[PDB]
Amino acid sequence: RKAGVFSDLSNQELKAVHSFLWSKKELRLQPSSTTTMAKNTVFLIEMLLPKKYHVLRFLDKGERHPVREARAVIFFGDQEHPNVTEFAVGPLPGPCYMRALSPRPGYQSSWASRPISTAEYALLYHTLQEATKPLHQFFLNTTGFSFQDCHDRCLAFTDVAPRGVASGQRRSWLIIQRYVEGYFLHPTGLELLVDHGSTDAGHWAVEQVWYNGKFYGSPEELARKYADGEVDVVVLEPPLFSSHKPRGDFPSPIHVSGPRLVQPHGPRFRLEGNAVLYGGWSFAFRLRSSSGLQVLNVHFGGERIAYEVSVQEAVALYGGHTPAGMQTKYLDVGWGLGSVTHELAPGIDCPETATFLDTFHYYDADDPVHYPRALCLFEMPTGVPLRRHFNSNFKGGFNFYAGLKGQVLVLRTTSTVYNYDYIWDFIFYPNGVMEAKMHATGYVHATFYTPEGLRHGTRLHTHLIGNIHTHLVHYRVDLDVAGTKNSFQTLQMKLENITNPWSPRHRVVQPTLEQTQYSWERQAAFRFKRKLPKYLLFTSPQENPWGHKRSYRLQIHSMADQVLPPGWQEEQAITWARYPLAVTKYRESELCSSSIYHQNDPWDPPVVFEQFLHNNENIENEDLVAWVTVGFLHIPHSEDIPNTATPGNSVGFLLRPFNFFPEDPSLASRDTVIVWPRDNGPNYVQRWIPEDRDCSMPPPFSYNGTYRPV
């Protein structure tokens, strides 16, 4: 497989990179699990893609496999001036070198920008246990739970990000919750601000306390005001409301299992490593531990359509009445969006007939970690024919019926960082259409109910506000339509008003086809304020047999809009969210629109998408990259309890051939059925594959739930 150039690191490869780094005594490496911040540790290891120039010479011109390398992110906490530095480690197999990457002269906030880690959370929990001792009685009286000798009645916390008011700060608002089933939905009314910037956790402090609508300065002050009767206190078997356990009764109860897919004849796609073949399609895939799912080197009918289609970032931007709520701008890549690909449940998350695939991740771990059923690949009937026609004779019969049953191939993973579960799909139809989709489910981000909260959300239970927010997702769509050099054009309908040529006293007011060409990047950077043309076309100079340029069309499915003001503070981290569509000239320095650092330094991040447009380059006959923002406003509602559900809660885009193929490319499918009438007999049912009614059983259900080194 040539697709191996795109493949993630194996367990063996991750171990080899880790071993190589640990052989360097001068790095003073310690495990992720060690509970001090004043340590040097390897935070993330993942495959580092070679330059596209070299990859295409290997794929297309028969040249050598590019050098395979890893990206290694090292937290240097065990030095006077802590920082994060990244390295290219290679070659693989047999690593030799360690080359530092991406310097930022003059940038001083590297350390503060780094992701939170399990060890850091352990230290935060200790800080809280100690700092809140004065509140122990308050906790018991108001919630029946505590942090001390609490057992099955313990308080927990949820941190929000970003963590302060400026670059270099690490001051986190923490929402206190009761640790019960679906704890996300059990805020107590207390929130605490902790400064945890120092590498010495003994310096960490609670700097501010908010309880039920008022600030109190310190845990001691709240405790004293409580004792003195100066606090407006809220004192907090069917299933818990936050449980998924069934309750209630439908008027027409259902006691049996629903229909299921059977695949007695096995998969109709071929999977070899990370290479997939399905009908006209060939592609490779990878799951980038930092940023998520990608499909690469996508071909249909042996011609390239897209070099890369990848998840880049996923954001949830909140308002609130509470300090934690008004603070929250979550950026998932800052949490290992591609590393939280937890186990897919057969028959539920994917069909029982799906092919389930494991992966390995090294993200905030002591050793590479095995993730069972991290991805699945499956063919599914869509329930609607790809095409059908009833050719009537308009006299009580027919000339023929023709139809092709609808099927699609789905490549799927998930991300569950904490409360939310996103389902990430790349979908391939037999006629050369591909679709990207993200569906949201899991638990909402929620805060304690007070009346003031109703200006920033919806009351969802007695003590619970679902905060208003917008979800925004960015994708990189490096279309290479029939090859690398493309142009971008749009089509519109425009009316003309002409003399009616067969009745000159009258007029014809009718549609015409208008084509718009784009020469410079800025012309193709569409803001949310701008009218998005209905046909967004990436074109090859090659023509089809009818004289029309071979193209692929991008069709966006989104309810997104401009959320933050352009140029204001944290908006610097998400300037891509100004554009439902922007088109750039391909550059190796612009492969990603976000980073793991954006979450915790959104004020001065290492990648600012807007800057990609500053040079306003020529985009006529160039290697073009489309970048797509999709999303939706989510005002929570009571039906979101216990979880948001997927119906209507998906966004994404389609890539559709447009004059690319001389006729419908699904015509090669032998699944087509045509029914023909016959004089004085039964109809002739014409098939190119025999009718099948076989049934088989899938494997019995199992689920593991653990993800451990191997």
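Position 1 is the first residue in the sequence shown; the rest follow in order. What we label the rigid core is the largest C-alpha set whose atoms superpose within 1.5 Å from one form to the other.
Of the two segments 102-110 and 435-443, the one whose CA positions lie farther from the displayed form in 4 other deposited structures of this protein, once all are superposed on the rigid core, is 102-110.
In terms of root mean square C-alpha deviation after superposing on the rigid core in 4 other deposited structures of this protein, the stretch standing farther out between 146-154 and 329-337 is 146-154.
The segment from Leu236 to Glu237 is interrupted, since 10 or more residues of the deposited sequence in that interval carry no coordinates. Stretches compared: 477-485, 405-413. Higher mean C-alpha B-factor in the entry: 477-485.
Mean C-alpha B-factor is higher over 142-150 than over the other stretch, the pair under comparison being 142-150 and 462-470. Per the PDB entry, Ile254 shows the highest C-alpha temperature factor of the residues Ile254, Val298, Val369, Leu377.
As recorded in the entry, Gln79 carries the highest CA temperature factor of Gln79, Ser558, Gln177, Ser167.
Looking at the C-alpha B-factors along this chain, the one for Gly279 belongs to the middle third.
Ranked by C-alpha B-factor against the other modelled residues of its chain, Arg171 falls in the lowest third. In the deposited entry, the Cα temperature factor of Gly648 places it in the middle third of its chain's modelled residues. Remark: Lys395 belongs to the highest third of its chain, ranked by C-alpha B-factor as recorded. Residue-level temperature factors show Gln515 in the highest third of its chain, judged at the C-alpha atom.
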